[PDB]
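The chain that follows stands alone, in the form solved without the partner chain, written as structure tokens.
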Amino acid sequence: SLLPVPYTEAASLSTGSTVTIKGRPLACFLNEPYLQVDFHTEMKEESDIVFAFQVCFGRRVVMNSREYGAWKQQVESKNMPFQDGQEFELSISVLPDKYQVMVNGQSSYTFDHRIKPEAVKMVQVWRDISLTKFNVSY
């Protein structure tokens, strides 16, 4: 739809920052479309990732960091508030100790800071979604 995907935007984050995303999966959940949001340390797509949030719709969520080019300890959740065929509103808030991921207004995932969020310079939203809103609070 509206915004280009992969969507890349420079960004600065600290405690109190929120990244809000509105979009819709490109396929029914039976086909397991993905959604990924990556908080990068540089504008380059190959740069380190402080927080990677990857949804396999209908199946699971995996979260991780990529540090010095290597993926670290993967974390997995089977929590699946996303609804088949529906638009979703996703909100990632930077708390002192962690990211809080809200889905359609409900707290759904958390991920402890492995690297200070001040290291983030860029956010990328990609994989099997259409995107209508991307906003960073400043």
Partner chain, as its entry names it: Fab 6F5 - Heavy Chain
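Numbering follows the first chain given and starts at 1.
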{"item": "Between 7-15 and 120-128 (mean CA B-factor, as deposited), the higher", "value": "7-15"}
{"item": "46-54 versus 66-74 - greater average Cα B-factor per the deposited record", "value": "66-74"}
{"item": "Residue, from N31, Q83, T41, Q36, that the PDB entry assigns the highest Cα B-factor", "value": "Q83"}
{"item": "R60, C-alpha B-factor rank within chain (lowest, middle or highest third)", "value": "highest"}
{"item": "Entry-reported Cα temperature factor of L90, expressed as the chain third it lands in", "value": "highest"}
{"item": "Chain third (lowest, middle, highest) by recorded CA B-factor, residue given as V101", "value": "lowest"}
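Below: the form solved in complex with the partner chain, not depicted.
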| query | finding |
| --- | --- |
| Contact flag, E67 vs the partner chain in the deposited complex, heavy atom cut 4.5 Å | yes |
| Exercise: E87 in contact with the partner chain in the deposited complex, heavy atom 4.5 Å | no |
| Any residue of 104-131 that, in the deposited complex, places a heavy atom within 4.5 Å of the partner chain | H113, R114, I115, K116, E118, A119 |
